[PDB]
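Enquirer:
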Amino acid sequence: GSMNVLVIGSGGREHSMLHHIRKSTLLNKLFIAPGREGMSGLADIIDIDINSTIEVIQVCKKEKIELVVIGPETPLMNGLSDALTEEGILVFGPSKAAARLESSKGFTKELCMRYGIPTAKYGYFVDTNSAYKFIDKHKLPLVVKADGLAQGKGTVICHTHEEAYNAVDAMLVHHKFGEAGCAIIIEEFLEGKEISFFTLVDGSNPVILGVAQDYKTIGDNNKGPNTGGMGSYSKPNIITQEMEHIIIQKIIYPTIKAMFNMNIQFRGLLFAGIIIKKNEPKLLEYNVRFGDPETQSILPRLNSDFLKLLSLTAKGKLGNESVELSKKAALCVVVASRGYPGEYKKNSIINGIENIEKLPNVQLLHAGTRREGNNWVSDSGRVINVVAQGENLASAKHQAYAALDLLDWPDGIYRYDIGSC
């Protein structure tokens, strides 16, 4: 291969991306900034501040980078993609203007209203007077969300009006989520089957990548606060091919076309949260980049070349193209530091990683580790992923959880219901 590739980010999603980019015959040299030491087998780790456009550009010139693959949302919101494009560097990820689909949840809701895209009824607010008056006319339960990038944690289901007042104060008045909470949306609570729906979009042509089941809450059986995501799986027929088509026609294409026509075309990975009831999909939310940890379960199933797909997307060349997925089930369990999504302990010593990495049927990803002396220690809220594949979901599940029995980390927390009915 002749393509030098730079991945931006440092979590389990990116470690998975590296693993799968490394399979391409198109790849020459592979880099990650800032990455993590546990990923160093796959790529050269670059220690830079990725919030500095200028530092990222300097790495691209120094290393002759031909494609940049942006993992997380914040640099997209900060216009890293625009800064790279202005320098004539190919980038997989949307422009700042296109990234508003995620960086303002209210942006997406208005677009849905204007273009007739099915979604939750809602209101948008910047002060508790208007918010409380909406709460008081509104049916329960309802969902309060930070408008900005709250890493999936600024989303609270409220079953009493008092819980809603508290959620709205925490964001608008007490500033508990920084600028991300300076505005909010309050939405009707929708029932049904929730899925994660990944589409590659080259500016005008959508190509479905895959579907996964997510696990948002910290606790099993959907209990406790919302997190960035505590697990995932992907397998054939989570939804029918017909439903896939309805989602593209009613939600994704109208989104792509609206953005294109306002001259803010979307290019990259469009990740829709979708809820299905009475055979009809509604849009929960947009993320404008790969989902963590849904990516970890979808990529194992990809028969098509992942790097080629990223490059073609970035180039505006998905016109003829299609994705091929295997019939395997894949499943990812996240191990978090105790306290997450709240305050968590860093520097906790983690034992068993080397034993799990010796297993041939599973992959351990370094989502949030670092080295301190001779130990692996905790360094983020989400610390380890274990990923497995099988002929069916039960096999994939058994293998993941069998591997996790080798983990000896009393401060580690993981759900036991990843892949359960």
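Residues -1 to 419 in PDB author numbering are what the sequence shown lists, from first letter to last. Note that CB positions come from ideal geometry on N, CA and C, so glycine has one too.
Can you tell me where the beta strand (DSSP E) holding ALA386 begins and where it ends?
Expert: As a first step, residue 386 is located in the sequence shown; it is residue number 388 there, counting from the start. Looking at the DSSP string, the run of the beta strand (DSSP E) that includes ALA386 is 380 to 388.
Enquirer: What's the C-alpha gap between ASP45 and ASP377?
Expert: In the sequence shown, residue 45 corresponds to position 47, counting from 1. In the sequence shown, residue 377 corresponds to position 379, counting from 1. Roughly 16 Å between the two C-alpha positions.
Enquirer: For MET37, does the count of other Cβ atoms within 10 angstroms reach 16, so buried, or fall short, so exposed?
Expert: As a position in the sequence shown, residue 37 is number 39, starting the count at 1. That one is buried.
Enquirer: Please report the distance separating the alpha-carbon of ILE354 from that of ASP406.
Expert: On the sequence shown, residue 354 is found 356 positions in, with the first residue counted as 1. On the sequence shown, residue 406 is found 408 positions in, with the first residue counted as 1. About 11 Å.
Enquirer: For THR72, name the three-state secondary structure that DSSP assigns.
Expert: Residue mapping note: residue 72 aligns to position 74 of the sequence shown, counting from 1. Three-state result, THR72: helix.
Enquirer: From residue 426 to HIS17, what distance separates their C-alpha atoms?
Expert: Since the first residue of the chain shown is -1 and the last is 419, residue 426 is not available in this structure.
Enquirer: What is the C-beta distance between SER324 and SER232, in whole angstroms, given that I count them as a contact (C-beta under 8 Å)?
Expert: Along the sequence shown, read from residue 1 onward, the residue named residue 324 stands at position 326. Along the sequence shown, read from residue 1 onward, the residue named residue 232 stands at position 234. So it is not a contact: roughly 10 Å between Cβ atoms.
Enquirer: Which residue or residues does DSSP assign as beta-bridge partners of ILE30?
Expert: Taking the sequence shown and counting its residues from 1, one reaches residue 30 at position 32. Paired residues: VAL5 and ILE43.
Enquirer: Check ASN345 in the structure and name its three-state DSSP category.
Expert: Here residue 345 is taken as the residue at index 347 of the sequence shown, counted from 1. Three-state result, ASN345: coil.
Enquirer: Roughly how many angstroms separate the alpha carbons of residue 420 and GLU71, rounded to a whole number?
Expert: In this structure the chain extends from -1 to 419, so residue 420 is not present and cannot be described.
Enquirer: What span of residues does the alpha helix (DSSP H) with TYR338 cover, start to end?
Expert: The residue you call residue 338 lines up with position 340 of the sequence shown. It is not in any alpha helix (DSSP H) - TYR338 carries neither H nor E in the DSSP assignment.
Enquirer: I believe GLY10 touches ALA256 by the beta-carbon criterion, under 8 Å. Please report the beta-carbon distance rounded to the nearest angstrom.
Expert: The residue labelled residue 10 in the question sits at position 12 within the sequence shown. The residue labelled residue 256 in the question sits at position 258 within the sequence shown. That belief does not hold up - the Cβ atoms of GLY10 and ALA256 are roughly 32 Å apart, past 8 Å.
Enquirer: Quick check on the DSSP output: the alpha helix (DSSP H) that includes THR51 runs from which residue to which?
Expert: The residue labelled residue 51 in the question sits at position 53 within the sequence shown. Here the alpha helix (DSSP H) through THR51 covers 51 to 61.
Enquirer: Grouping DSSP H, G and I as helix and E and B as strand, with all else coil, what is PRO291?
Expert: Taking the sequence shown and counting its residues from 1, the one referred to as residue 291 is at position 293. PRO291 falls in the coil class under three-state DSSP.
Enquirer: Going residue by residue through the segment 191 to 225, where are the continuous beta strand (DSSP E) segments of at least 3 residues, counting only ones entirely within it?
Expert: DSSP runs (the beta strand (DSSP E)) wholly in the segment 191 to 225: 191 to 200, 204 to 212, 215 to 217 and 221 to 224.
Enquirer: From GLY121 to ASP218, what distance separates their C-alpha atoms?
Expert: Position 123 of the sequence shown, counted from the first residue, corresponds to residue 121. Position 220 of the sequence shown, counted from the first residue, corresponds to residue 218. One C-alpha to the other measures close to 30 Å.
Enquirer: In the DSSP assignment, find the unbroken beta strand (DSSP E) run with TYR130 in it and report its ends.
Expert: Taking the sequence shown and counting its residues from 1, one reaches residue 130 at position 132. Segment 126 to 135 is the alpha helix (DSSP H) holding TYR130; no beta strand (DSSP E) there.
Enquirer: Distance check for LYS276 and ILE48, CA to CA, integer angstroms please.
Expert: Here residue 48 refers to the residue found at position 50 of the sequence shown. Here residue 276 refers to the residue found at position 278 of the sequence shown. When rounded, the distance between both Cα atoms is 44 Å.
Enquirer: Going straight from the alpha carbon of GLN263 to that of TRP374, what length do you get?
Expert: Counting from 1 along the sequence shown, the entry for residue 263 is found at position 265. Counting from 1 along the sequence shown, the entry for residue 374 is found at position 376. For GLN263 and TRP374, the distance between alpha carbons rounds to 42 Å.
Enquirer: Cutting at 6 Å between CB atoms, please list the residues of its own chain near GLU283, excluding the five before and the five after it.
Expert: Here the question's residue 283 lines up with position 285 in the sequence shown. Excluding residues within five positions, the ones whose Cβ falls inside 6 Å are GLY271.
Enquirer: Under 8 Å by Cβ, that's how I've got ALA162 and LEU140 pegged, so tell me the actual separation to the nearest angstrom.
Expert: For this step, residue 162 is matched to residue 164 along the sequence shown. For this step, residue 140 is matched to residue 142 along the sequence shown. Contact holds; Cβ gap of about 6 Å.
Enquirer: On the CB-based measure, 16 or more other CB atoms within 10 Å of its CB, does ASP403 come out buried or exposed?
Expert: As a first step, residue 403 must be located in the sequence shown, where it is residue number 405. Exposed, by the Cβ-count rule.
Enquirer: I believe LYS143 touches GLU185 by the beta-carbon criterion, under 8 Å. Please report the beta-carbon distance rounded to the nearest angstrom.
Expert: Residue mapping note: residue 143 aligns to position 145 of the sequence shown, counting from 1. Residue mapping note: residue 185 aligns to position 187 of the sequence shown, counting from 1. Contact flag correct, Cβ pair sits at about 7 Å.
Enquirer: To the nearest angstrom, how far is it from the Cα of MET75 to the Cα of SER202?
Expert: Numbered from 1 along the sequence shown, position 77 holds the residue referred to as residue 75. Numbered from 1 along the sequence shown, position 204 holds the residue referred to as residue 202. Whole-angstrom Cα-Cα distance: 21 Å.
Enquirer: Could you pull out every residue in the same chain whose Cβ sits closer than 7 Å to the Cβ of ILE87, ignoring the five residues on either side in sequence?
Expert: Here residue 87 refers to the residue found at position 89 of the sequence shown. Correct list, in chain order: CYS58, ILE63 and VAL66.
Enquirer: So the candidates are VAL209, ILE250, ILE347 and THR197; which of them puts its Cα closest to the Cα of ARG287?
Expert: Along the sequence shown, read from residue 1 onward, the residue named residue 287 stands at position 289. Closest by alpha carbon: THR197.
Enquirer: Using beta-carbon positions only, say whether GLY289 and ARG413 come within less than 7 Å of one another.
Expert: Start at 1 with the first residue of the sequence shown, and residue 289 comes out as number 291. Start at 1 with the first residue of the sequence shown, and residue 413 comes out as number 415. No, these two residues do not count as a Cβ contact at 7 Å.
Enquirer: At what residues does the beta strand (DSSP E) containing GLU186 begin and finish?
Expert: Against the sequence shown, residue 186 aligns to sequence position 188. It spans 182 to 186 - the beta strand (DSSP E) in which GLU186 sits, taken as one unbroken run.
Enquirer: For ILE246, which residues in the same chain have their Cβ closer than 8 Å to its Cβ, ignoring the five residues on either side in sequence?
Expert: The residue given as residue 246 occupies position 248 in the sequence shown. The answer, listed in chain order, is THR197, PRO204 and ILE206.
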